[PDB]
There are 4 protein chains.
Amino acid sequence: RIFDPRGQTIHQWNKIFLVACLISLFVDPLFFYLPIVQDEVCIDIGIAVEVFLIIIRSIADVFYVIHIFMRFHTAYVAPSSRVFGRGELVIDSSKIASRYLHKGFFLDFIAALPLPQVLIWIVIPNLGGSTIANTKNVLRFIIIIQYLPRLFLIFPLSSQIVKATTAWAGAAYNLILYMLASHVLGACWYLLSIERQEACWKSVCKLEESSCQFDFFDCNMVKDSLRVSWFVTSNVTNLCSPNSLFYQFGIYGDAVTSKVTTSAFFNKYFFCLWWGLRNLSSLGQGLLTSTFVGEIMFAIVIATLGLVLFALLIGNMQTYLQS
Amino acid sequence: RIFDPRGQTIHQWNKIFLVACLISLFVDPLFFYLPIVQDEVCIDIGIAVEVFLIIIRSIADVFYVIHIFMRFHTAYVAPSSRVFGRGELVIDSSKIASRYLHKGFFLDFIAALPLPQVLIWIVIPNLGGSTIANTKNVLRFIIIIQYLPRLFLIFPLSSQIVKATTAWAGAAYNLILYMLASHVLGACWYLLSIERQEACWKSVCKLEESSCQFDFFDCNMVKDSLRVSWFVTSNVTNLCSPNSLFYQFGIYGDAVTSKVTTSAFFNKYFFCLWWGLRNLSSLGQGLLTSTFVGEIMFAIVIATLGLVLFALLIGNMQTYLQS
Amino acid sequence: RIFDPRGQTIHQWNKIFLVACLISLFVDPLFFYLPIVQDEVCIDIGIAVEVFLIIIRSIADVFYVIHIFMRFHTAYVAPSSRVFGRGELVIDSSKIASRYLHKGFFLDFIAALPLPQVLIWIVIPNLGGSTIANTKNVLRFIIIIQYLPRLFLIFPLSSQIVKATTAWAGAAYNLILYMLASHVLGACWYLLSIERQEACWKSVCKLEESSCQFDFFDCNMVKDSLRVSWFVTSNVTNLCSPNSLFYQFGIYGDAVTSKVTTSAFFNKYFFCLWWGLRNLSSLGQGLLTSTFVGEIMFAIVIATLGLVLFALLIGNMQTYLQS
Amino acid sequence: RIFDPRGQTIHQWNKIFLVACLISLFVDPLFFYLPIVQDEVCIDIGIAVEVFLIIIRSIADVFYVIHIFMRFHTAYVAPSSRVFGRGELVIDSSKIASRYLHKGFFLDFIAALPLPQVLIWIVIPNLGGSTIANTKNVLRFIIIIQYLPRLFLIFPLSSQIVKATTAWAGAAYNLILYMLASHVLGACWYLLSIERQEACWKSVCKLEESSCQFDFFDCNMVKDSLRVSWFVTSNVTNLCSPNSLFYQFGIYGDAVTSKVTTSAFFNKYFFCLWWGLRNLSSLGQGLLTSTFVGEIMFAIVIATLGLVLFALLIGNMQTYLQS
């Protein structure tokens, strides 16, 4: 059942797979919005939203597995058989599999690994208790390690769609990509702000090591008598604010003053998407960072992305107007 | 009395209609500047300015009715008779009316409906008392529901004018588009800031529900003894300020600190026009919103409009310089 | 002694006239830096800098008069005698004078009028004592009335210089124009901030009509016994500051906090030039104006100039790299 | 042993020399990050990082000397022997040396001088004790005096590499130049902020001439009894802050508020790099300077560099899109 590379089944499958990849690209950064900072100073996770996102990601991974299957069952054109553009067809399944494994299979398999799901379920909780690591909100960012190759996969595939079927197709696509970059940067900023607030809490606990340890900032122990007794005699709610000059919050300060980390899922999502869009359009200006290397590099990445994306938008609109 | 589409009567009518549509597009957002926040914490409406705007709107409406009447009596080129461009003319009134009804009549009829003057006069006040809704200043935005179709009519019609009559007509036209977009965004910002201040007043009333009720911020009840007795012992004047953290004013806070909602019509109009133009040139930067989805979406729309308009301006200037 | 329009004497005269026009365009805005706000809350005029600028403007006006004389004594090509480019020359002095008077003489004569000199010397002081008007700092802006036609003369003449003698000639020329716009806008902003501070002083005087009148803010009367007695008991020092919420300084408030109205000529000049450059590059963003129509219109003009200039710069660099 | 100008040895040497020159351009501004402001209000020099930078710069200068020595022994195409491209080879060493001395030797020699390490070792300390000058942290900027000619050598030489080896070579090259400009501007801003804080300390000492001289702000005298006695009774810590309105810190105040001058080398380097990149992308907006001419000139230079770099980047991206 080898499908023709320039046939109809593969064209329809690629049309569906572009939508599936776009859905996966949209859903992956949403995993960064799960942590919630509560008024009692603790980080919880929205269970219902977590399960919903995991279900969507599982559907996307099923689609990716189907794509890998169809790529093991697709034909190719031999480079040496290209007779005036007529490269014929190859039906050898073994040759197709060898060609796929030599080039293309590795990156597609990496992109199809259910990394967020295993990280959420069978890595952090249950037997894989990372008490020694104590970086539950940091490991989520390794999704980016898988997100970056997957983002690459959107470039050639969509190009094939361009071959499948203009003036309006150069600016709308670039604005969609620009919104995607804004979405990813906003989710990254939200998770980094959560990490910054957790670091401020850890510094406060270090200042108050007499009656605190690095276990009081989890909402599963908020009702403990020790937790409330420490909370009523601590000024963590006032020290961990951008107004107080105790900890350098930097660009993450807007996540504490505006209570973004406490707001509902849609409020926080739209706030962070607008943050990313605004700091991508403004070329990273207004990102008055602290003296921390990671935040500075995040701001530099945002500025560079804004520069290249604005240049692409200007060029695309110039091309559209000239044609 | 069928008019020639390429003739002189229709050309002159289109020249008049371009100016009429430009005036109508300039006047429609001005209805958002009518509400006035007075020093007694209430929202009034300038009766004289409202009457003048309704008169101008009715003039635009009768011009649109004349345009519809004229288009009911215009000839069209038969697609099947296009013999090397010479498509002749169709004179049959019934055929012309049927063709116009099939394509074109609905969208032109929508743009000619006197929706704003109906809403102001015979929808909200008098028989149609919307006491339950209590959203008098929110219904105005449904003018946008009609504004967007009308904004469409400029693009073809002006192009037709281009056919009727370059290097200087590309940058100036896009600057006019920029002015119109900034004016509309400024009017929308003014009305949304009025809504935000009214929402803060409603929150204060809820906090003081013992002596306040949800009909109490109307200027027709200012002289009431109950209202003054409540006001002399109420802290609504400082709770609904961006300085206080009682309510998240966000980007609308600049309309409370600067007191544009209480200024004269020209001052408020120019302030809001400059606000829209500045946040369109800054690509939405400086729009530090709150965690409210509507305000965030407004900021995102402003940033996207700034992106597309600046890209169009750069492309038009590049075309001008290359020509 | 009619000179050849395609000859060498007129070529050299145009080369030196471009320099003279550039110097005159650089010098006219400097007259806006003359008023100085002193620590005694008064506005004085720097006599030495004023005299130097008047001398430079006199030299420029002499050059302009020589230019208009030479234009009265230059030949022209008859439009009806253009036989395949060989349009011959016209030597009749009467015909040349009539042609110049019909078109060209009016605006050239307008630019050659010593308006700033007569305004400074024989309009405001001496016989023309503007005691009733009391707007000495406002009249200077009618230099702009002469400045706008003069700025016109740069555009054709420079093009003629192009005909006298590339890839590098597009970016540098546009940067020179951009610097000129920044210089003019900075001088205008300095004078407007002077006017705003004087208006705040007048408002304070109105608040203190018992012991103040509209002369007390003139530095010639600073040593008056009434002046010192009012000053030792007046709070105009802190009331007219952007920190206090007494007067809406707006975008001009930055000139009071930084004390640029008091500093030396070089400091204030460079601060205002950088202000114009920054608010021209930032597309007018950060110009958070008050509810005053004049300030808002000035900010709108600055933003539109920034838009057109940045688009022109982008287009010029695109042309330079492409060619 | 004259090398062929279009041979293989010179090609490889130029490939090495481009990397060497890039290293030298990256290392020279790092000398500006050496001064450190300590909590005892004094400026020290990191000896270890200074020695490492001196060693790297010495290696780069040895590479420059090797380049000069070898290009003394290369043939050149005779201007009069260019017979249809075949310009032959000049083997005469005397003629090659004469041509090099006439054109090429001066700029290559001035760019190979060990001026930075000479200043660090045998100019400022030891015999050349600049007690009278008292500009230990100011002289470093004369590295820029040699840096600009060395910045020139990149533009031709890199072009040769282009001749030795596209669509991706326009955006990447522009971004490399842009990052280099950001790095240089950040180093210059750090050293200028150090200078501003030192000037504030000098002003404070002038305010405290009774018990202070211009030596208490050197970290070699921090442990002196007079030093500690003055420090315990001096308020230099409060007066020399951006919050206190004592000294106009201007755009350098962000360096004191963020305590970047005290941070470690990596923190300060990345903070200053992000500062330069942000103020270069923002076209100098947000550089609210003081009334000081040097700071204003620095801001104007930053704005002009941002303008030209953004224009070049837009043009390069347009070229990439169209080709």
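Residues numbered from 1 in each chain as written, not as in the entry; some residues may be left out. Chains lettered and ligands numbered in written order. Heavy atoms only, no water.

As documented in the archive entry, the model was determined using cryo-EM at 3.1 Å resolution.

A.B. asks: Any chance you could explain the nonpolar core here in plain terms?
C.D. replies: Taken as a class, soluble globular proteins show a tendency for nonpolar side chains to be buried jointly. Within the largest apolar cluster, 353 residues are counted, with the highest numbers of intra-cluster contacts made by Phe298 of chain A, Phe298 of chain B, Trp189 and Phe298 of chain C together with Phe298 of chain D. For this core, the element with the most residues is helix α8 (residues 171-207) of chain C, which contributes 18 residues. What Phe298 of chain C contacts, discounting residues up to four positions off in sequence, is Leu185, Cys188, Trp189, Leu192, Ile251, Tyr252 and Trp275 of chain C. (Core = buried A, V, L, I, M, F, W, Y, C linked by side-chain atoms within 4.5 Å. Buried < 20%, exposed > 50% of the residue type's maximum accessible area, 1.4 Å probe, protein only. Helix = DSSP H or I, 4+ residues; strand = E, 2+ residues; numbered from the N terminus. Contact = heavy atoms within 4.5 Å.)

A.B. asks: Before we go on, may I ask you to explain the relation of the copies chain A and chain B in this structure?
C.D. replies: The relation between the two chain copies is a rotation about an axis coupled with a shift along that axis. Each copy of the sequence occupies a distinct position, and chain A is placed on chain B by a rotation of 90 degrees and an axial shift of 0.1 Å, giving an RMSD of 0.3 Å. The transformation just described matches what one would write down for a four-fold rotation axis. (Least-squares fit on C-alpha atoms.)

A.B. asks: When you look at the packing of aromatic side chains in this model, what are you seeing that I'm missing?
C.D. replies: Two aromatic rings, taken as a pair, are described by how far apart their centres are and by the angle between their planes. Residue and element names in this part refer to chain A. In total, this model carries 92 aromatic pairs over all chains according to the counting rule given. Here the aromatic cluster, defined as three or more aromatic residues joined through ring pairs, consists of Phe26, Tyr33, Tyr190, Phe265, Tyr269 and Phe270. When the ring centre of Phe231 is taken as reference, the NZ or CZ atom of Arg227 above it lies at 4.9 Å. (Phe/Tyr/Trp six-rings, centres within 6.5 Å; stacked < 30°, edge-to-face > 60°. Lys NZ or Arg CZ within 6 Å of the ring centre and 35° of its normal.)

A.B. asks: Mind showing me how you'd approach the UniProt feature "transmembrane region" in chain A here?
C.D. replies: All names here are of chain A. UniProt records the feature "transmembrane region" for residues 16-36, 45-65, 104-124, 141-161, 175-195 and 294-314 in the present numbering. In residues 16-36, the share of helix is 57% and the share of strand is 10%. The end C-alpha atoms are 34 Å apart. Between the C-alpha atoms that bound residues 141-161 the distance is 31 Å, and the span itself is 95% helix and 0% strand. (UniProt positions renumbered as here; feature names shortened; annotations may be inferred.)

A.B. asks: Got a minute to help me understand the domain arrangement of chain A in this structure?
C.D. replies: Accessible area lost during the coming together of the parts is what is often quoted as the interface size. All names here are of chain A. Per the domain assignment, the segments of chain A are domain 1 (1-165) and domain 2 (166-323). Centre-to-centre, using C-alpha coordinates, domain 1 lies 26 Å away from domain 2. Every contact between the two is made by 30 residues of domain 1 and, on the other side, 31 residues of domain 2. Interface area, domain 1 with domain 2, both sides summed: about 2,800 Å², of which 70% is carbon and sulfur. Per-residue buried area on domain 1 facing domain 2 is highest for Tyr33, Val37 and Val41; these three make up 29% of the total on that side. Where domain 1 packs against domain 2, one counts one salt bridge. Across the pair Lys136 and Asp218 runs a salt bridge whose closest N-O atoms are separated by 3.6 Å. Sorting the residues of the side of domain 1 that touches domain 2 by element identifies α1 (9-27), β1 (35-37), β2 (43-45), α6 (136-139) and α7 (142-164) as the ones contributing at least two each. The greatest single-element share of the side of domain 1 that touches domain 2, amounting to six residues, is contributed by α7. (Domains from an automatic or database assignment. Buried area = accessible area lost by both parts, 1.4 Å probe. Salt bridge = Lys/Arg side-chain N within 4 Å of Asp/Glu carboxyl O.)

A.B. asks: Even after reading the chapter, I still don't get a nonpolar patch on the surface, so can you show me in this structure?
C.D. replies: Residues and elements named next belong to chain C. On the surface, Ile47, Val51, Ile55, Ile59, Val62, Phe63 and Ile66 cluster together to form a nonpolar patch covering roughly 590 Å² of accessible area. Take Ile47: it is sitting in helix α2 (residues 47-72). Taking the relative accessible area as the measure of exposure, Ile47 reaches 61% and is therefore exposed. (Patch = residues over 30% accessible without salt bridge, like charges linked within 9 Å, V, L, I, M, F, W, Y side chains within 5 Å. Areas by Shrake-Rupley, 256 points an atom, 1.4 Å probe, with all protein chains shown as cover.)

A.B. asks: Help me understand unusual backbone geometry, please; the structure alone is not making it clear to me.
C.D. replies: Among all residues except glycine, the phi angle is most often negative; among peptide bonds, the trans geometry is most common. One non-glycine residue, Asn134 of chain A, lies in positive phi territory at about 55 degrees. Inspection of the secondary structure assignment puts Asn134 of chain A in the loop between α5 (115-121) and α6.

A.B. asks: I would appreciate a short explanation of the interface of chain A and chain B in the present structure.
C.D. replies: Counting residues at the interface gives 25 residues for chain A and 29 residues for chain B. Taken over both partners, the interface formed by chain A and chain B buries close to 2,200 Å², and the fraction arising from carbon and sulfur atoms is 74%. Summed over the shared surface of chain A and chain B, the result is zero salt bridges. If you list the elements that add at least two residues to the side of chain A that touches chain B, you get α8 (172-207), α12 (265-281) and α13 (293-322) of chain A. Ranked by residue count, the leading element in the side of chain A that touches chain B is α12 of chain A, at eight residues.

A.B. asks: What is the right way to read the environment of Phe216 of chain A from this model?
C.D. replies: Residues and elements named next belong to chain A. Note on placement: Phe216 falls in the loop between α8 and α9 (225-232). Along the backbone, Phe216 and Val236 are 20 residues apart, and their C-alpha atoms lie at a distance of 12 Å. What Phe216 contacts, discounting residues up to four positions off in sequence, is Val41, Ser211, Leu226 and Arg227.

A.B. asks: Would you take a moment to explain the packing of α8 of chain C against helix α13 (residues 293-322) of chain C for this structure?
C.D. replies: Relative orientation and spacing of two packed helices are given, respectively, by the angle between their axes and the distance between those axes. Residues and elements named next belong to chain C. Contact pair α8 / α13: the axes reach a minimum separation of 10 Å and the direction vectors enclose 170 degrees. For the element pair α8 / α13, the angle class is roughly antiparallel. On α13, the residues that touch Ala171, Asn174, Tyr178, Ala181, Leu185, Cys188, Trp189, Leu192 and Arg196 of α8 are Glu295, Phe298, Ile302, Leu305, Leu309, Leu312, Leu313, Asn316 and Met317. Class assignment of the residues belonging to the contact of α8 with α13 gives a composition of 14 nonpolar, two polar and two charged. (Axes fitted to C-alpha atoms, helices over the stretch in contact; angles between N-to-C directions. Parallel < 35°, antiparallel > 145°, perpendicular 65-115°, else oblique. Nonpolar A, V, L, I, M, F, W, Y, C, P; charged D, E, K, R; others polar.)

A.B. asks: Hey, could you run me through the environment of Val256 of chain B in this one?
C.D. replies: Residue and element names in this part refer to chain B. Position of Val256 among the secondary structure elements: in helix α10 (residues 254-257). Separated by 14 residues in sequence, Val256 and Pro242 have C-alpha atoms that sit 7.1 Å apart. With residues up to four places along the chain from it excluded, the contact list for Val256 reads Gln197, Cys240, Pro242 and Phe249.

A.B. asks: How do you make sense of the pattern of salt bridges when you look at a structure like this?
C.D. replies: Oppositely charged side chains may form a pair once their charged atoms are brought near each other. Scanning the model with the defined rule gives 29 salt bridges over all chains in all. Of the charged contacts in the structure, one is a salt bridge between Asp61 of chain A and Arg57 of chain A, with a shortest N-O distance of 2.5 Å. Of this pair, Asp61 of chain A and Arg57 of chain A both sit in helix α2 (residues 47-72), four residues apart, roughly one helical turn. Residue class for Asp61 of chain A comes out buried when judged on its relative accessible area of 6%. We classify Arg57 of chain A as buried; its relative accessible area is 1%. Linking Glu295 of chain B and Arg196 of chain B is a salt bridge whose minimum nitrogen-to-oxygen distance equals 3.1 Å. One end of the pair, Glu295 of chain B, is in helix α12 (residues 293-322); the other, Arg196 of chain B, is in helix α7 (residues 168-207), and 99 residues separate them in sequence. Neither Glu295 of chain B nor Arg196 of chain B differs from the other in exposure class; each is buried. Beyond isolated ion pairs, a larger network of salt bridges with shared partners links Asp28, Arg57, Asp61 and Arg150 of chain A.

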